[PDB]
Amino acid sequence: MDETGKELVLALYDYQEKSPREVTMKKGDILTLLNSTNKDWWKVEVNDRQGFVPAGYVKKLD
């Protein structure tokens, strides 16, 4: 983007990672948004765990 921290999203739903590139979310998680260049798949990080999640499963704090 280039990739920055600070930017945040909030998990709307539970989401258990479905491949190595992904990360697991719990409803209500505050995740650092690292890459949102893709509209559908966002690179996020929670408690140092990093991966791609469906962008439609979180809300961006903006």
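Scoring rules and cut-offs
- Residues numbered from 1 in each chain as written, not as in the entry; some residues may be left out.
- Heavy atoms only, no water.
- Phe/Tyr/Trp six-rings, centres within 6.5 Å; stacked < 30°, edge-to-face > 60°.
- Helix = DSSP H or I, 4+ residues; strand = E, 2+ residues; numbered from the N terminus.
- Buried < 20%, exposed > 50% of the residue type's maximum accessible area, 1.4 Å probe, protein only.
- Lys NZ or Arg CZ within 6 Å of the ring centre and 35° of its normal.
- Patch = residues over 30% accessible without salt bridge, like charges linked within 9 Å, V, L, I, M, F, W, Y side chains within 5 Å.
- Areas by Shrake-Rupley, 256 points an atom, 1.4 Å probe, with all protein chains shown as cover.
- Salt bridge = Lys/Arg side-chain N within 4 Å of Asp/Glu carboxyl O.

Per the deposited record, X-ray crystallography is how this structure was determined, to a resolution of 1.85 Å.

With that settled, the discussion passes to the packing of aromatic side chains. As enumerated under the stated definition, the model contains 2 aromatic pairs in all. Look at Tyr13 and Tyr57: their rings are 5.5 Å apart centre to centre, the planes differ by 90°, and that puts the pair in the edge-to-face class. With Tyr13 in the loop between β1 (8-11) and β2 (30-35) and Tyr57 in the loop between β4 (49-54) and β5 (58-60), this pair connects stretches of sequence that are 44 residues apart. Residue classification places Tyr57 among the partly exposed positions, given a relative accessible area of 36%. Residues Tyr15 and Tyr57 carry aromatic rings whose centres are separated by 5.6 Å and whose planes lie at 65° to one another, so their mutual orientation is edge-to-face. Of this pair, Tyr15 sits in the loop between β1 and β2 while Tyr57 sits in the loop between β4 and β5, placing them 42 residues apart in sequence. Look at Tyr15 and you get buried, because its relative accessible area is 7%. Through successive ring pairs, a cluster of aromatic residues spans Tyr13, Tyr15 and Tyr57. Over the ring of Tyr15 we find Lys18; its NZ or CZ atom is 5.5 Å from the centre of that ring. One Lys or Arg, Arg21, reaches over the ring of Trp41 and ends 5.0 Å from the middle of that ring.

For the rest of this paragraph, the subject is a nonpolar patch on the surface. A contiguous nonpolar patch, built from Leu8, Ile30 and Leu61 and spanning about 230 Å² of accessible area, is present on the exposed surface. Position of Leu61 relative to the elements: it lies in the segment after β5.

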